[PDB]
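What follows is a single structure, written as structure tokens, with notes after it.
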Ligand SMILES: NC(=O)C1=CN([C@@H]2O[C@H](COP(=O)(O)OP(=O)(O)OC[C@H]3O[C@@H](n4cnc5c(N)ncnc54)[C@H](OP(=O)(O)O)[C@@H]3O)[C@@H](O)[C@H]2O)C=CC1
């Protein structure tokens with residue numbers, strides 16, 4: 004006998020054993036007499052149109068697929084709960100944090116960044132870590148990564164970056180020349196690249212990695228006072244990674260190493276959990292902060308800004324039907340309950356538009372009416388009507404315009420957002436030449452040891468070696484801007500691999 | 004105090020008087036603070052992206068519309084029940100007819116044919132009459148008209164025929180020459196054209212007309228014995244028409260005369276009723292029938308085949324939301340429960356493919372999971388999976404392939420189809436030159452009185468005058484082929500209209 | 004012998020007499036043997052799946068329809084050129100205004116607001132007047148109306164306003180309680196309501212009405228200096244209106260009166276033309292303006308701001324296919340060539356988002372590659388790829404990421420936008436009670452004569468008649484704020500309409 | 004200096020050196036001023052909506068993906084020509100076979116079956132070999148595999164087979180119980196399974212395998228005489244296979260081994276080619292044939308029916324843009340030019356519906372107007388109009404109905420199909436118990452040698468060992484029904500693999 008993943012159908016049969024099998028019907032609910040044989044004229048004659056059983060099944064098979072996620076396609080899923088363990092009501096007035104002990108249902112999806120639906124799991128890439136909270140004040144979507152930082156700091160570059168990471172427009176192959184030519188021309192990627200090419204680029208499953216909000220957010224309390232914050236949900240199972248040697252073996256042996264691994268864990272009772280922290284910065288402290296506090300390529304050092312604990316995330320349930328429950332998941336950074344708000348972070352600004360837009364394409368205009376996406380612990384009432392695939396009462400015979408004298412839904416004045424003062428020329432400001440190396444230098448010298456740095460340069464050199472010599476020499480000097488020995492250690496490796 | 008239609012919002016406020024208004028939220032359930040004023044920089048400044056209240060409200064408004072029905076676009080809807088009053092179980096084994104007294108829920112839609120969503124109700128056109136029966140053996144959809152016959156008798160001419168009835172491909176106008184250029188080249192339409200331009204072309208609302216299944220269908224009883232049948236469903240309110248004089252006046256004064264009429268009736272307790280009847284033809288009678296028993300341009304005379312009563316359809320409930328309940332209604336002739344089966348009628352065979360096809364475009368692949376389209380009085384179980392906008396559990400983790408050794412749904416042998424024998428060359432057989440005049444001649448001479456024949460020709464000449472003269476005299480020729488006196492009473496008038 | 008429109012088919016045959024008719028083919032180009040008869044087993048036997056001729060045609064008929072426009076569904080189109088008559092290079096650097104004599108191809112669409120694809124033309128409602136310019140600096144879309152003003156001055160009320168102008172969500176009938184409940188609660192609409200119920204509410208065709216850009220826009224010259232402006236294109240054919248008597252007869256007699264007229268004009272050589280003017284306001288003149296200069300409910304008086312002529316608009320070409328060239332037209336206010344830019348107008352800012360979004364839904368993601376929508380007078384080169392229905396080379400094997408060291412397209416610094424300084428709070432400012440009556444007080448007393456004031460109230464009283472007494476008393480009070488005698492007239496008519 | 008594929012961008016810039024790079028523009032053709040920095044209020048302020056450069060780009064990045072193919076999603080592409088070398092005009096009157104030396108433009112797509120977009124190329128599975136011929140009488144799609152047979156022989160079992168080959172609906176993992184439970188319950192798969200698990204399961208790229216039409220097809224010559232046939236493509240590069248050991252290594256070392264191998268071949272001039280053969284069987288010989296001649300699980304032995312040469316397929320051009328030219332390719336078996344027609348093959352009859360159906364969803368209703376899908380060597384003229392994304396003149400102001408008196412396209416009587424007559428009860432005939440063993444026993448004993456049979460069982464036993472014991476015993480028994488030793492060899496390995 005085998006692992007719980009392999010016995011899915013086995014267990015389905017026994018969990019039903021007492022009952023008789025159900026009647027096999029068409030999509031209109033009409034029972035079928037034969038579904039192994041086609042309706043023809045004579046044993047060796049042509050098929051008939053009158054066979055509406057054949058058409059109904061085949062027509063639905065033809066439309067099984069939907070457009071896959073533009074990024075983060077390869078994914079695993081689970082469900083669970085969030086429990087508050089410490090009081091942070093002085094910072095936020097959000098209902099999700101109201102009192103210690105309070106539980107709220109969650110949903111989580113894991114993913115890579117570049118690989119398609121059929122791609123391998125154990126490859127060097129950032130990891131997706133999206134969490135949906137089902138609160139009474141509507142859903143809260145915290146769409147984070149396994150890294151506190153990202154490769155760029157302007158939303159106009161995101162389409163570009165992605166194109167550089169995927170397949171050549173002509174040959175449809177992954178192209179090292181595309182990969183590093185973007186990175187070498189944009190040194191602000193030197194922070195996140197350094198993260199990606201040492202040990203934590205390939206995590207040993209999804210349960211042995213941390214998760215970060217990365218972006219700075221705003222918190223607002225009852226008194227109407229505001230602060231900025233970071234989110235860090237760290238693993239209780241502890242950080243554990245794969246070696247380059249055997250992570251490559253799993254790519255062919257078991258492409259879904261993580262997918263299987265997550266499912267197996269929950270089914271055998273070992274429910275994975277994470278501990279949620281925040282960091283806090285006042286508007287005054289934002290004014291004296293050395294770098295831009297909304298530069299996504301920057302962290303807040305722990306010395307200057309310690310972690311404040313909030314609660315635990317626990318996943319304790321596997322999905323029943325993957326497509327209906329994990330593939331149709333939609334997370335929107337714009338989904339924020341009263342008390343939590345976005346900062347002027349340029350990269351976060353761009354995510355407010357981009358996500359709701361693509362969902363309307365990928366899933367459909369009424370994608371928020373799908374069960375897993377629905378805000379089922381809140382009362383949705385508005386003046387929105389109609390759209391393709393409307394599934395509920397459509398809010399009945401209620402008036403559909405505002406304002407009105409007929410007692411349709413009303414505003415809630417308390418739920419107004421925070422007021423900030425801004426001024427300056429409305430202009431495209433140059434952020435390409437913000438500090439690209441300081442926090443990177445710190446990472447290299449202070450955080451890594453002598454062999455981790457040695458392994459770090461091997462992993463880069465093993466990937467950069469395929470680019471053109473002008474790209475190589477351009478990238479090396481970018482690495483030299485962090486540390487002379489760092490650039491030179493990479494360069495020593497490249498010189499022999501170029502024969 | 005005004006008519007019940009107009010006092011919809013007045014009544015909605017009364018039903019809610021005790022309650023206080025709901026919290027206005029986004030689609031993702033977050034309450035909005037202010038939804039009358041925009042988020043800007045300064046009192047006379049620009050708009051921000053950080054306003055997600057605006058973006059998601061506007062984006063949903065953008066996508067309100069779905070493609071209208073390709074035909075029968077303008078529509079009215081109601082709900083009620085089907086009640087069995089007589090026993091016809093010797094003919095059929097369908098659960099909808101299992102015993103006297105039994106009630107079944109129904110859904111009805113009334114419509115014109117050509118006009119678009121904004122067209123007038125009171126125009127000369129056929130009238131759609133669709134009934135959906137929610138049986139325990141799945142949904143049964145009886146999709147009929149207010150005429151026992153149609154304009155053509157082969158499926159390949161349908162798209163063509165429709166185009167001719169709609170708008171010119173360059174000018175986007177109604178074009179008389181198109182209409183009659185088609186009708187004169189296909190003389191089989193004489194029968195349905197003669198019906199259309201009589202008094203019953205323009206009925207006084209939807210409650211004052213009969214319904215007809217038109218097609219020949221098959222009935223099967225428990226023993227496996229089969230008969231052919233027509234469905235005749237007559238009004239209890241009695242036939243009542245509008246003159247062309249007041250029909251033209253109502254066209255501008257009230258574009259939705261029928262729509263209001265139906266709603267007002269149901270709201271005031273004035274429930275509309277029609278009786279269902281059948282005509283039966285044995286397989287033996289079919290072979291000796293002087294005409295083609297499956298010709299959609301032919302009727303079965305009452306003398307040789309009297310009417311057998313079955314039951315009552317009553318409408319007693321108005322829709323709560325028009326879009327969700329009436330505009331998303333789907334009817335499929337292919338939805339046929341055991342006991343009811345198709346005949347070889349050329350036209351009906353085409354409609355098995357067409358309707359499931361078009362609905363997957365208009366509404367979506369998973370359109371059958373829409374409440375009003377859902378078979379809620381049956382259990383759907385099969386091996387169909389995924390597709391955009393999947394709305395239930397997706398049948399859980401149940402095995403998705405057949406056959407299987409894991410007790411997934413099984414076929415029911417009881418539900419096999421009636422087996423018939425056939426012979427002939429597989430080829431395209433010409434139906435142009437079946438008898439096109441005889442049944443028309445009796446209608447003119449035997450059924451109509453002297454005054455009705457006069458108006459019939461006035462109405463044609465009043466419409467045919469707008470075509471070219473070479474088209475006119477070819478159409479006139481067809482009218483003489485029915486009867487010499489018929490043809491030239493029309494011809495005498497056209498020559499008047501030609502100055 | 005009849006109008007040129009009705010003789011569309013007649014001409015087509017004459018234009019092709021010398022040629023032989025084409026071979027009738029499937030969509031895939033395969034020649035059809037017979038397309039009047041279905042492939043069946045024996046003369047009275049069932050249809051075959053093997054009939055691939057049938058399916059191909061039948062399936063495309065099923066998907067003929069696309070979602071109609073959410074607003075301004077009923078439309079008419081034409082084509083022509085714009086020609087410059089005076090030099091205003093001192094105000095704008097846009098190449099469309101480079102020198103006197105320069106022509107640019109245009110595309111125009113006329114439309115109503117509320118009516119659907121099948122509605123009447125001769126009805127009281129605003130009239131759309133969108134113009135597309137095909138410049139070398141990309142497409143410019145000026146999407147204006149036949150009025151200088153609108154009903155509301157914040158885009159958050161637009162979805163709500165439209166709902167009130169359309170059909171009730173339950174009854175699917177037009178309801179005057181919805182109309183006047185909205186209008187009476189929002190007295191800022193007093194100005195545009197006065198315009199609509201005046202003589203110019205029902206224009207005599209599309210050739211006898213003015214057109215306005217309505218919004219304040221920003222012009223920029225070669226030195227970098229900027230000014231604000233309004234766009235007026237006044238009729239050369241003259242203003243002419245229809246009586247309430249004449250408009251109502253036409254509603255049923257000719258629903259497409261506007262579509263027929265415009266087509267007949269161009270076809271017969273009688274080409275309609277407009278003269279394009281602008282108003283100019285400096286940044287200085289903007290600060291001292293008594294009202295808000297970007298308020299869409301406000302006009303700029305001609306005495307203080309005279310009209311400066313630019314050029315002529317001529318329509319000289321009918322569309323070849325309505326659907327391909329007029330119904331698939333898409334206009335984006337966001338389409339602005341260097342030299343023309345948006346003001347901070349609250350209503351205009353919303354339209355920058357709304358239009359490109361809705362077109363991706365209505366038509367598709369690649370709606371800009373449809374021939375009539377394409378910028379064919381510019382060379383399109385960027386880092387955008389793929390999408391459903393990709394129609395060109397897809398920009399070949401060019402690098403798809405930016406920046407790059409492989410000489411893909413570069414940004415043009417000349418096309419940088421004008422930099423403005425703003426300051427103030429970031430919140431939602433209340434704009435509901437800016438001066439709503441003064442300019443309306445001017446319209447009533449100064450522009451109209453005593454006879455036109457009499458008819459104005461009559462048109463108002465005849466439609467306000469249908470509302471509830473409490474909505475009536477609210478509306479009259481709002482009108483009384485404009486002028487006491489104006490308010491007292493309307494109610495004086497209502498006391499006679501209430502028996 | 005590297006391989007040609009990786010130097011694609013390098014070559015692209017060299018091909019342009021003389022030219023200056025283009026100006027980077029929006030989709031509307033408007034030049035952009037900067038596309039590296041956003042439009043904000045101050046250096047650390049919020050984003051504005053009036054920035055339409057961001058939205059236009061971001062909204063198109065959001066819609067880049069379309070649904071992948073329901074099967075055969077992973078792909079590679081190339082183009083070339085078909086050249087006739089022998090005369091087969093006595094069998095077919097098709098223009099593609101008119102005379103020796105005749106060229107036709109072709110398009111070819113290679114693929115696996117089960118794997119999604121991102122999966123590895125070198126895996127055990129059937130391989131797709133679709134060819135699209137661009138003829139004068141429309142496009143011919145000969146959609147074939149690398150195997151003469153298939154796993155099933157009824158069109159109602161196809162969805163079920165596919166579901167069993169792909170991912171479990173709960174765990175989203177590949178499931179051996181799903182795979183073999185099916186195969187064991189349908190013993191007809193014994194023939195194709197035996198092929199799959201042999202050497203020719205894993206081909207050494209796409210250049211070293213044969214391709215087969217599998218289905219029996221109909222050929223009709225100029226006289227109207229008819230015969231049945233098979234299509235065979237044999238490689239001119241020779242059959243060549245990978246060991247499972249090397250195919251596993253490449254799975255992680257090179258996920259796109261096949262795709263690049265093809266591209267590198269063409270680019271270096273080394274063009275791949277295949278030789279087209281046919282088998283022929285007269286109406287006389289078909290009735291005396293030992294098995295069913297339209298059984299997709301059966302071959303025609305070469306002893307009785309030898310190969311007849313036709314021509315050569317040559318690939319000498321790579322795609323320029325993969326997505327526009329390979330991802331949007333659509334092959335329809337229903338696309339057949341006069342002279343080629345379907346047999347009554349139950350499976351082929353079903354493929355006549357499925358492929359046009361799925362494309363309407365995947366790509367869109369007008370998917371044939373896409374360049375690569377378009378029949379650009381024939382003239383498409385018909386009475387099909389409108390539909391989403393209409394891209395040409397839409398056939399102008401031509402009459403849109405048939406028949407008509409206005410010289411619109413006419414049927415071509417010469418292109419009527421061959422007429423056969425069939426008889427027998429119209430009923431659902433059981434196909435489960437046709438001979439499942441004879442031809443398999445042949446393949447095992449005659450074609451394989453000692454060493455290949457030895458590996459065949461090893462390759463089977465290596466996969467079947469992961470299924471349950473009740474399934475193993477059921478599968479082995481089906482292998483025993485082929486040959487005692489064949490069953491016995493498998494069970495000998497299973498006993499060791501079961502510890
Ligand atoms: N301050 C921050 O929020 C983070 C900082 N860093 C890096 O550390 C530097 C110093 O930060 P500071 O807070 O002042 O000092 P600390 O020494 O307190 O920061 C240590 C942090 O480094 C993380 N870390 C350790 N090894 C790796 C690795 N191989 N890849 C990625 N992260 C790793 C640890 O994660 P864990 O706690 O799980 O052991 C821990 O959060 C920064 O310049 C930055 O580059 C890294 C992560 C976050």
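Residue numbers (the UniProt record's numbering), protein chains in the order written: chain L, 4 to 502; chain W, 4 to 502; chain R, 4 to 502; chain B, 4 to 502. For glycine and all other residues, C-beta sits at the position ideal for the given N, C-alpha and C.
When distances are taken from the beta-carbon of residue 15 of chain W to the heavy atoms of ligand 1, even the shortest one reaches 7 Å or more. Contact annotation for residue 257 of chain R against chain B: no contact, minimum CB-CB distance about 21 Å [criterion: below 9 Å]. Contact annotation: in the stretch 398 to 421 of chain B, residues whose CB is within less than 9 Å of a CB in chain R are 398, 399, 400, 401, 402, 405, 406, 407, 408, 409, 410, 411, 412, 413, 414, 415, 416, 417, 418, 419 and 420.
Listed by position along chain W, the residues whose Cβ is nearer than 8 Å to that of residue 58 of chain R are 356. For the stretch 326 to 348 of chain B, the set of residues with a beta-carbon nearer than 7 Å to any beta-carbon of chain R comprises 326, 327, 331, 335, 337, 338, 339, 340, 341 and 345, in chain order. Within the same chain, Cβ atoms closer than 7 Å to the Cβ of residue 183 of chain L are found at 467, 470, 474 and 478, the five residues on either side in sequence being excluded. Cα atoms of residue 497 of chain L and residue 464 of chain L: separation of roughly 6 Å, rounded to the nearest angstrom. Per the Cβ contact rule, the stretch 70 to 77 of chain R is not in contact with the stretch 86 to 104 of chain R (fewer than 3 Cβ pairs under 8 Å). Taking C-beta separations shorter than 7 Å and ignoring five residues to either side along the sequence, the partners of residue 456 of chain L in its chain run 447, following chain order.
Assigned with DSSP and collapsed to three states, residue 144 of chain W falls in strand. Burial is judged here by how many other beta carbons sit within 10 angstroms of a residue's own beta carbon; residue 366 of chain B has at least 16 and is buried.
The beta-carbon of residue 292 of chain W is placed no less than 8 Å from the nearest beta-carbon of chain R. Here the alpha carbons of residue 321 of chain R and residue 269 of chain R stand approximately 7 Å from one another.
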